[PDB]
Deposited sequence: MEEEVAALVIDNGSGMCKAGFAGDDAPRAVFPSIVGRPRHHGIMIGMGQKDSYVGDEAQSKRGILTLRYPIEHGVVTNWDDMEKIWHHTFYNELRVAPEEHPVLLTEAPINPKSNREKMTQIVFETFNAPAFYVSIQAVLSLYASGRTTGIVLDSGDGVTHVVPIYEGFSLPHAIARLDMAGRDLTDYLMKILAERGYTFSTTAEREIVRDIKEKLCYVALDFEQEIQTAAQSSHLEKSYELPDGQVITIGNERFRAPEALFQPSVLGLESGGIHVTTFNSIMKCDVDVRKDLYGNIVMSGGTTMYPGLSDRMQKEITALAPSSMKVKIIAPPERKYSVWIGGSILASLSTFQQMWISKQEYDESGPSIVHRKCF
């Protein structure tokens, strides 16, 4: 008998696949394009940009344009997965502390637009913790659009202790354009920006000692790696390589007043009950695409060890799948026998309304 579906509603990239699978079937940009003067989604919308206004329907991890979001799910089911929701239960991920109204509205849409039989909404941080191997820990989830720190104890995510660094993978791309423009290259265009995001994904890393790297970058040849544009001209970038990710650790470097990921991790831990903190320092878990920079774990280990009491073991769990951990945890959850007595049935929706999600999903 046929499997349930798992959809990860990313600010940057949407991911979808069948429960039980260990990786998504479909990964495509969360872009909807409508004519300037039909609509297109994902790579098509980027390709046909010349005749389209493009908008993201998800901003800072949260859905903001429902009429567009419904088109992304339509593309997900009918073009990407090639399966009709009328025969499959669905698990949707959502960002931590998203508004109640958004839980209700996405409940409304996968019943009333897609006639899905039974469905469940799930906190992205928690799922990334399941995929990371454990029941208790603190999840730094850092995506394209937003960065959250979420303490979770005995599989319950503490809402009050969540801290949101409003800065993430797009900001680091805007920033890497900025510092390369200062170096001498031109990258103002959207068809240039989508090159710079690839440059960020390949060449960047996080320094273990930022001041020492700045001091030695003035003389080292090794640092200055080079990258071919589609245009055929070749760029070279140097201290830009680490100054782009370093903004995670020093958001002043790109001009906002929030504390870095390390201080926000520490503050989230410190907002927890004293008895729990031993376990959270022992179980820091990294999630989401922005956490993929080489050596982010080593620097998180260093920085939090500098903030923590010298008695605390500090442990940074960075699984190799951490780019898709949010989806993978969903896969797992939607493929336990237990799921059936945990979802919203259409028979419940039909007499409870969208507000059933506030009972049933917790």
item: Deposited-sequence stretches lacking C-alpha coordinates, listed in sequence order; value: 1-3, 41-50
